[PDB]
Structures are given as C-alpha cells and as structure tokens.
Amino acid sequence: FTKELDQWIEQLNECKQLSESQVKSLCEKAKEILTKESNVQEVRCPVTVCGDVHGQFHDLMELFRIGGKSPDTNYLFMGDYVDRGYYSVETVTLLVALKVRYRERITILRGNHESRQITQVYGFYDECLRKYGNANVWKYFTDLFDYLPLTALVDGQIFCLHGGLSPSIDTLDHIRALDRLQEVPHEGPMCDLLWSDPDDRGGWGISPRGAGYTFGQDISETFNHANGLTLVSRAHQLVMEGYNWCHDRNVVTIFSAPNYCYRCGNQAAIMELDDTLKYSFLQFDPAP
C-alpha cells in the first residue's frame, strides 16, 4: 500500500487526477485516520500554516517551492481546498493523499467550502462531472469532508481554524463538545467557526456573508485570554498582502491562493511557526 500511495502522489504531482476507484479507497482510509483526530487537533511545532488554496493547483506547487516539500516540511492547512480554481480535483486529492501517507506531517482542517451545498454552486461539483463522469468522486470527498477537524491547536498557544470566533463558543472545550461529523449547518457554533470574520467595529456584528458573524478586537482579546492563546490564526478572507494582522495582533489572516480566481490581484502568504513557535511569513505571487 505505501508503495501505492507514493505512486498516486507522484502522479497527482504531475497534475494528473486519480481514478474513481482510487478516490473511493483514498477516501475510505482518510476517514479512518481523520475520525481519530478531534474538533481541536493537537499540533506540535515546527509547522507551516497555510490558508485557502481553492483548486489553484499550480499555486499550490508554488507554495511547496517556497516552504519545502512534504514530508520534509510539516504543514497545516486551514481548509478551502476546492471551488473557484480550475483544478479542485487534483488539488484536494493531492492533499488528502499526503494526509493518508503522512498523518504526522500534515494536518488538514475544514473550511466553509468543504461542504455539499456550496460545492454545487462554486465549482468542485461540476468539475467532478467533467473529470469523471458521474457524481461519485464528489460523494466520496464530500463525505470525507465531514470528518475534517474543525480546529487545530499548536502547542496549546496558537489556535487555528478556517473562519473565526463564535458568540456561542468561548471555550476550547465548547468546541471539543460539538459533533463535527455532519454537513456544515447554516448557523450555530460549527457554522460560525468556518464562516465568521474579524472586524473593526467592536463586539459582535452582522456577517455580510449571510453566515457566522463578524467580531471586533475586544472579542478576540477575551477569547485569547480565556483560553491561554497567544494568537488566533484563521484564513477565509482574501487579503491583498497575502497575510494580515488585526485586533492588536490577536488575530492573523492567511490567504494562500494568489491572484484569487485568477481575477483579484492578491499576493498569497504562508506562516512558519518554528521549533520555538516563533513566527515568520512568506509572501508569494502566482507561479508562472
């Protein structure tokens, strides 16, 4: 089997999709591995934290050029592997593949796009119809997405999740208390973690997306103090500079899809947390 994974991986690195047969399998074991992990996955530094990728396969390869290759370099992705980009299938499959081959080298979180509803409106669904000839591979991956960890905790100090803070969650235990095995709901704690956005209006606000909330500085400060966190690390928001600080550095946004949708002209960034939780950012334009 190991020899096989290496193969699939080598293949996928040439941007060549795997068969429906292999996706079904790759997914069945990925489920095994992922069930054991928790809503608040423990991650030991060193690790490189990346944000949204959205099927921009060739930028993903640019990302490895910049932060090292797996399994040599440890990686933590905060979700949003599909939709928008032209190669959601190659992308997501590679990452899931890496996770099954190297459980301890990569951690993949769930993003608002790792959902059945939004994948049918933003790409990943139709791309699958185009690349395979039925909705099977979509079913396998969307089922798999249900096991994806909602949050990760690096060294008990750096809290990582796709979207943001929830007015119905103030404790890491609260989050561990949720049942993540289900489609992302339209509202609630699970929804909010994958959909909220930091903000510059204080306290809670109305999310201009129609899901989760906006939260100002005061809110983060409280959440951090209450949980012994040095900072909250999220993604989900295009940030022209690739990465962005806010809330007096209690929060940091990390977007890893340069020139998003091949239309917005944003840089992409990736955060390195070393052997000592010391952080450094790597900005990068799209690979040519």
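Each form is matched to the other, and the largest set of C-alpha atoms that superpose within 1.5 Å is called the rigid core. Counting begins at 1, following the sequence as shown.
Peer 1: Return whichever of 78-86 or 118-126 has the larger RMS Cα deviation from the displayed form in 4 other deposited structures of this protein, where every structure is aligned on the rigid core.
Peer 2: With the rigid core fitted, 78-86 is the stretch that strays more in 4 other deposited structures of this protein.
Peer 1: On average, which has the higher Cα B-factor in the deposited entry, 24-32 or 256-264?
Peer 2: The entry gives the higher C-alpha B-factor average to 24-32.
Peer 1: Tell me which of 172-180 and 85-93 has the higher mean C-alpha B-factor in the deposited entry.
Peer 2: The deposited B-factors put 172-180 ahead on the C-alpha mean.
Peer 1: For the listed 162, 209, 113, 103, which has the peak Cα B-factor recorded in the PDB entry?
Peer 2: Answer for 162, 209, 113, 103: 103, with the highest C-alpha B-factor.
Peer 1: Tell me, please, which of 236, 65, 44, 58 has the highest C-alpha B factor according to the deposited entry?
Peer 2: Max CA B-factor in the entry, restricted to 236, 65, 44, 58: 44.
Peer 1: Lowest, middle or highest third: which one holds residue 49 when the chain's residues are ordered by CA B-factor from the entry?
Peer 2: Tercile = lowest for this residue's CA B-factor.
Peer 1: With respect to C-alpha B-factor, does residue 12 fall in the lowest, middle or highest third of the chain as deposited?
Peer 2: It belongs to the middle third of the chain when residues are ordered by C-alpha B-factor.
Peer 1: How does the C-alpha B factor of residue 74 compare with the rest of the chain: lowest, middle or highest third?
Peer 2: Within its chain, residue 74 is a middle-third residue by C-alpha B-factor, going by the deposited values.
Peer 1: By the record's CA B-factor, is residue 196 among the lowest, middle or highest third of residues in the chain?
Peer 2: Lowest third - that is where residue 196 ends up once the chain's C-alpha B-factors are sorted.
Peer 1: Taking the entry's C-alpha B-factors for this chain, is residue 118 in the lowest, middle or highest third?
Peer 2: Answer is middle: the recorded C-alpha B-factor places it there.
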